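Trainee: The listed protein sequences derive, respectively, from chains A and B.
With PDB author numbering applied, the first sequence corresponds to residues 3 to 190, 197 to 224, 229 to 455, in that order.
With PDB author numbering applied, the second sequence corresponds to residues 3 to 190, 198 to 224, 227 to 455, in that order.
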Amino acid sequence: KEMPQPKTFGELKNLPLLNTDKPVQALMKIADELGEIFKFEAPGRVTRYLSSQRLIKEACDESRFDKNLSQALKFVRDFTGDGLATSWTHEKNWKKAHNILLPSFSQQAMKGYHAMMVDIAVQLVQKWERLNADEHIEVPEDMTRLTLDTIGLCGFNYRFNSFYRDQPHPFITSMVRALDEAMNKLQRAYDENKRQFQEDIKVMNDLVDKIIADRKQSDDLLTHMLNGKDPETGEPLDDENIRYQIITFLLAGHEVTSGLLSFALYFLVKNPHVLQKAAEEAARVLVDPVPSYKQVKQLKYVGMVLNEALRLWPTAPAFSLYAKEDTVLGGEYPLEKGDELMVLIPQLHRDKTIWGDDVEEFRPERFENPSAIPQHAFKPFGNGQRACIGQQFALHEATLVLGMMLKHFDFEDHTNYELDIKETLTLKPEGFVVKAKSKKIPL
Amino acid sequence: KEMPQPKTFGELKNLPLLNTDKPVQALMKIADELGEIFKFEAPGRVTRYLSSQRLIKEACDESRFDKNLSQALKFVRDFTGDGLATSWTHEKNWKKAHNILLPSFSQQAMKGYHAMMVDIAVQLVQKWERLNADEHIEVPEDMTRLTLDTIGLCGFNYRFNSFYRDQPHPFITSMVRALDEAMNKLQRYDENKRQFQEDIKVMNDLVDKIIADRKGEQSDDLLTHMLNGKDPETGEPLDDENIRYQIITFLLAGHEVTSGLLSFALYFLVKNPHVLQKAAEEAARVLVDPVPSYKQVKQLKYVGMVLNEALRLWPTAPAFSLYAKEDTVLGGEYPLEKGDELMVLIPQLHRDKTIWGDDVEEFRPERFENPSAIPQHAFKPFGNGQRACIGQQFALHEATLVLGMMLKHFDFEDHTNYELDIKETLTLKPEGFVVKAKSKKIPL
Ligand code: HEM
Ligand code: HEM
Ligand SMILES: Cc1ccc(N)cc1
Ligand SMILES: Cc1ccc(N)cc1
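1) Between the segment 402-415 of chain B and the segment 68-83 of chain B, can you find at least three pairs of beta-carbon atoms closer than 8 Å?
2) Cα separation between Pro301 of chain A and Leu455 of chain A?
3) For ligand 2, any of its heavy atoms closer than 7 Å to the Cβ of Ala111 of chain B?
4) From the DSSP output, read off the bridge partner residues of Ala330 of chain B.
5) Does the distance from the CB of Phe261 of chain A to the CB of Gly396 of chain A come in under 8 Å?
6) Consult DSSP for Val308 of chain A and reduce its assignment to one of helix, strand or coil.
7) Ignoring anything shorter than 3 residues, give me the beta strand (DSSP E) runs that lie fully in the segment 36-112 of chain A, in order along the chain.
8) Is the separation between the beta-carbon of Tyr256 of chain B and that of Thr82 of chain B shorter than 8 Å?
9) Starting from the Cα of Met112 of chain B, find the closest Cα among B:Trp90, B:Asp231, B:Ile209 and B:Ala180 and give me that residue.
10) Could you please tell me which residues of the segment 96-128 of chain A, in chain order, have their CB closer than 8 Å to any CB of chain B?
11) Starting from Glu252 of chain B, follow the alpha helix (DSSP H) in both directions and report where the run begins and ends.
12) Just to make sure I have the definition right: I need the residues of chain A whose C-beta is within less than 9 Å of the C-beta of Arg375 of chain B. Which are they?
13) I need the DSSP call for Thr436 of chain B, collapsed to helix, strand or coil.
14) Counting along the chain, where does the beta strand (DSSP E) carrying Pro346 of chain A start and finish?
15) Roughly how many whole angstroms lie between the Cα atoms of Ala33 of chain A and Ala295 of chain B?
16) Regarding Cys156 of chain B and ligand 4, is the C-beta to nearest heavy atom distance less than 7 Å?
17) Taking C-beta pairs closer than 9 Å, name the residues in chain B that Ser274 of chain A reaches, listed in chain order.
18) So if DSSP puts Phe423 of chain B in a beta bridge, which residue, or which two residues, is it bridged to?
19) Would you kindly work out how many angstroms separate the C-alpha atoms of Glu372 of chain B and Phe107 of chain A, rounded to a whole number?
20) Are the beta-carbon atoms belonging to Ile219 of chain B and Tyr166 of chain B less than 8 Å from one another?
21) Going by CA-CA distance only, name the one from B:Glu344, B:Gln387, B:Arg398 and B:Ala389 that's closest to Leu104 of chain B.
22) Could you name the residues of the segment 44-58 of chain A whose beta carbon sits closer than 7 Å to any beta carbon of chain B, in the order they occur along the chain?
23) Going along chain A, which residues have a C-beta under 8 Å from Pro386 of chain B?
24) Which chain A residues sit within Cβ distance under 7 Å of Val286 of chain B?
25) How long is the line joining the alpha carbons of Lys451 of chain B and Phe421 of chain B, rounded to whole angstroms?
26) Closer than 8 Å between beta carbons: that is the criterion. Which residues of the segment 298-311 of chain B meet it against chain A?
27) Within 8 Å (strictly less), CB to CB, does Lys364 of chain B reach chain A?
28) Counting Cβ pairs closer than 8 Å, one from the segment 77-97 of chain B and one from the segment 373-383 of chain B, do we hit at least three?
29) Taking the beta carbon of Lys419 of chain B as the centre, do at least 16 other beta carbons fall within 10 Å, making it buried, or is it exposed?
30) Give the DSSP bridge partners of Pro441 of chain B, in chain order.
31) Can you list, in chain order, the residues of its chain with a C-beta nearer than 7 Å to that of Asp80 of chain B? Leave out the 5 residues immediately preceding and following it.
32) Among all residues, which have a Cβ less than 5 Å from at least one non-hydrogen atom of ligand 4, and in what chain order do they fall?
33) Rounded to whole angstroms, how far is the Cβ of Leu19 of chain B from the Cβ of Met185 of chain B, which I believe are closer than 8 Å?
34) From the DSSP output, which residues share a beta bridge with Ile139 of chain A?
35) Please classify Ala117 of chain A: does DSSP put it in a helix, a strand, or coil?
36) For the segment 399-426 of chain A, which residues have a beta carbon sitting closer than 8 Å to at least one beta carbon of chain B?
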């Protein structure tokens with residue numbers, strides 16, 4: 003009933019523990035020492051980090067706990083506003099935008115996005131086939147090039163043309179720089201850093217607002237938002253909220269999904285039996301020069317490989333909840349109304365009582381049957397009505413792209429890459445490089 | 003444009019296709035061959051059977067289509083009359099009864115019915131823990147005993163005492179024989202009519218007296236809400252004749268339709284042990300008191316998911332009927348004239364691979380984690396619109412309460428490795444489904 007807590011630093015309490023370049027991984031080390039739950043204090047803030055399925059399955063009770071904006075999300079809200087991802091459930095724009103946007107992220111809506119996703123994926127395939135001998139691939143960089151172009155085309159019919167560029171796009175320069183300024187505030197004479205954030209917000213907001221003005229009919233999210241009306245209230249999304257969704261989708265769509273692709277490829281080159289087994293599935297299912305939507309649904313082992321990458325290194329590694337009323341967590345940790353919880357997703361996915369002893373081994377076979385996994389044991393996309401609305405978009409693009417990659421190339425970990433996880437607000441394997449040898453199969 | 007139609011039998015057209023003991027299941031085999039729509043003609047009748055969400059989402063447009071009394075409901079109407087379920091939308095007693103009765107079927111109204119539901123549920127649990135070793139359970143029979151007793155107590159404070167009987171109640175004996183005669187007329198005798206009239210007189214005689222007997228006790232029951240309720244629209248209360256028709260309507264809906272859901276739910280749980288263990292863990296973690304509370308019953312989310320996925324595969328009221336208010340075009344390719352009839356084959360709707368993926372036949376309750384993700388009009392086990400099931404919250408509450416206690420108190424064993432056999436009356440039931448229950452010996 004007494005809750006553990008890591009080392010303290012006087013009046014700063016636990017905050018210097020976050021003054022590190024890899025905070026989620028440092029939080030994982032504490033959870034290994036302190037167990038399924040521990041209190042984390044800071045000046046003016048208190049939260050509790052959960053790491054066991056036993057406690058997280060109760061925190062996932064939507065009747066008792068609701069999504070809370072973590073300190074990181076409060077700072078991202080300064081440029082994503084009340085978009086879907088940084089709004090409170092009780093805000094009117096959340097439920098409104100949620101009802102308008104759900105049809106355009108469904109599994110049936112992916113049949114329309116499929117043609118645009120293949121468009122970007124073929125550019126990735128042709129880049130790797132046009133590499134010279136002994137040239138290598140910078141994996142997370144190309145994966146971000148792909149995920150960023152896919153959301154721009156399917157989201158607003160815009161071409162970032164990331165495969166024609168060495169330097170990133172002007173818009174994402176301020177977006178990435180705003181995210182860095184957002185994260186740095188958590189672990190913190198800072199007037200220049202603050203003035204720059206304001207300048208960067210003006211750049212994003214002005215650029216996106218013009219895209220809305222230019223459009224004001230194509231089968232993309234921007235059209236669905238300009239013409240859709242919420243069946244509940246009968247009102248459409250206003251223009252200010254629309255750019256908040258566009259900024260939210262552009263941020264979410266580019267690096268958290270590229271992270272999954274990079275982790276997936278890394279685990280496949282470190283476990284050649286699994287890669288071989290997934291390459292065989294790609295060859296027997298992708299029988300056309302261009303994959304179809306129906307073939308992508310048939311790449312089941314590719315789907316399990318992605319799920320097993322999400323288990324070990326979920327690229328959105330945590331989310332925050334608050335207690336709607338006074339309650340008791342697990343019959344031994346009483347909580348007051350408003351108290352905050354943090355679901356440390358990478359520790360949850362290592363609970364030995366759920367996954368057995370081989371928690372660190374990459375075996376996509378764990379996901380053969382979705383019914384054998386206990387409830388709330390696998391939460392890479394968040395939870396409940398506040399779960400990821402882009403989940404089916406992300407898994408379809410990742411399965412399609414990974415399938416073409418395994419079909420067209422043999423892969424080689426020529427540097428014996430030692431996993432180094434860079435942490436922003438998402439997770440990525442930094443410096444992960446491979447060589448791709450063509451299989452000389454036409455497109 | 004040209005609509006497919008099945009095999010014909012001369013001048014009888016397609017009617018001998020329904021001369022079978024499993025007509026809905028036979029219609030599903032036809033829908034698999036002919037696709038999303040097909041025409042079904044009989045002597046003096048034509049209807050069209052819809053099976054895809056694409057077409058059913060247009061048939062559920064209340065401004066174009068209204069509820070129609072199918073041939074099955076017309077024969078039920080001979081003893082349920084203009085009750086809520088067998089009246090036309092434009093009949094004055096529907097909108098009148100619908101406004102008086104909706105308050106007594108709301109989610110806030112289940113807080114009053116909960117105490118009586120637990121009363122019957124405890125009797126089911128105690129029957130099963132009092133079984134001897136190697137004794138088995140007859141699932142749909144016991145589920146029927148509970149659902150009939152729950153609606154009798156919550157509807158009119160009457161105890162059918164079904165757990166003290168081997169032979170069914172005298173009232174339901176005549177009702178069940180009336181439903182059998184109603185169904186037999188569809189695939190079709199002077200002797201049947203005499204008993205049918207005798208059977209109809211028995212139902213009117215018990216209920217007319219039960220209404221006459223109630224009149227001044229005030230109880231938290233439908234009968235009280237019907238004797239004192241006034242329609243805010245017209246300002247009138249329901250008269251005696253309509254009241255007995257609702258009671259018969261509720262008694263028929265309460266006993267067989269809801270117990271089918273429980274029996275199908277348990278059959279799917281014993282065939283998918285991973286789901287049952289997952290539902291048993293939730294039941295053990297939520298039902299912490301010897302008697303469940305109303306709020307603990309709202310917390311068994313996965314049990315609710317188990318019921319919903321049971322309703323998807325085998326919706327126990329497997330069809331409803333619509334007619335075109337005016338001339339319109341269905342799906343852009345099928346022209347329809349005002350008055351044309353449609354039939355929604357719910358089991359085929361719930362198997363549309365374009366909505367549920369390929370694994371439509373698999374029992375995965377995880378489809379219902381987020382109810383907003385499923386497209387519009389894709390899941391219609393309780394009908395559609397203002398003519399949708401008024402007892403939906405009442406059925407799910409009882410079924411969630413009862414399934415929760417069963418998963419809490421017993422382990423279940425499919426000792427005969429039961430091959431599913433679906434008996435068809437007007438509703439669906441797994442016939443002969445049996446299980447053994449080993450107690451977990453938790454007190455009540
Ligand atoms: C593999 C890639 C992805 C992962 C692991 C992921 C993960 C997550 C997680 C964990 C949350 C909940 C965070 C919280 O509870 O505060 C979330 C929410 C959200 N994600 Fe994703 N996401 C991915 C891709 C995407 C994509 C491609 C989009 C769309 C472009 C997207 C858009 C959103 C939105 C809008 C929300 C908030 C929805 C709401 O609150 O109603 N995500 N995601
Ligand atoms: C899981 C169990 C149940 C299922 C699957 C179910 C299904 C349905 C369906 C499909 C309809 C519409 C039929 C049509 O369009 O002709 C309906 C209507 C109706 N149900 Fe249920 N039902 C269930 C339980 C109950 C219960 C327990 C009651 C109350 C005792 C009830 C009372 C009614 C009534 C009165 C109507 C007609 C309402 C109107 O037209 O205004 N049902 N139900
Ligand atoms: C917190 C968060 C992380 C990733 C995504 N896509 C959405 C939200
Ligand atoms: C037609 C009909 C179907 C189900 C119920 N409960 C009542 C009537």
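Even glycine gets a Cβ: it sits at the ideal position worked out from N, Cα and C.
Mentor: In short:
1) no
2) 5 Å
3) In this structure, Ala111 of chain B has its CB at a distance of at least 7 Å from all heavy atoms of ligand 2.
4) Looking at the DSSP assignment, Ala330 of chain B forms a beta bridge with B:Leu356.
5) no
6) helix
7) For the segment 36-112 of chain A, whole beta strand (DSSP E) runs of length 3 or above, ordered along the chain, are 39-44, 47-52 and 67-70.
8) yes
9) B:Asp231
10) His100, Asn101, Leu104, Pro105, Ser108, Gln109 and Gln110
11) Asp251 to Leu263
12) Neighbours of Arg375 of chain B on chain A, chain order: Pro382 and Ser383.
13) The answer is coil: DSSP assigns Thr436 of chain B none of H, G, I, E or B.
14) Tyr345 to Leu347
15) 28 Å
16) no
17) Within 9 Å Cβ-Cβ: nothing; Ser274 of chain A doesn't reach chain B, min ~28 Å.
18) B:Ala448
19) For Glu372 of chain B and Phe107 of chain A, the distance between alpha carbons rounds to 24 Å.
20) no
21) B:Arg398
22) none
23) Those within 8 Å of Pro386 of chain B in chain A are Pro105, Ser108 and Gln110.
24) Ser383
25) Looking at the backbone, the Cα of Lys451 of chain B and that of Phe421 of chain B are separated by about 5 Å.
26) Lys309 and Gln310
27) No - not a single Cβ of chain A is within 8 Å of the one on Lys364 of chain B.
28) No: the two stretches stay apart, fewer than three of their Cβ pairs being nearer than 8 Å.
29) buried
30) Paired residues: B:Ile433.
31) So the qualifying residues of the chain are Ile209.
32) B:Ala87, B:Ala264, B:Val268 and B:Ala328
33) Contact flag wrong, Cβ pair sits at about 15 Å.
34) A:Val446
35) helix
36) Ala399
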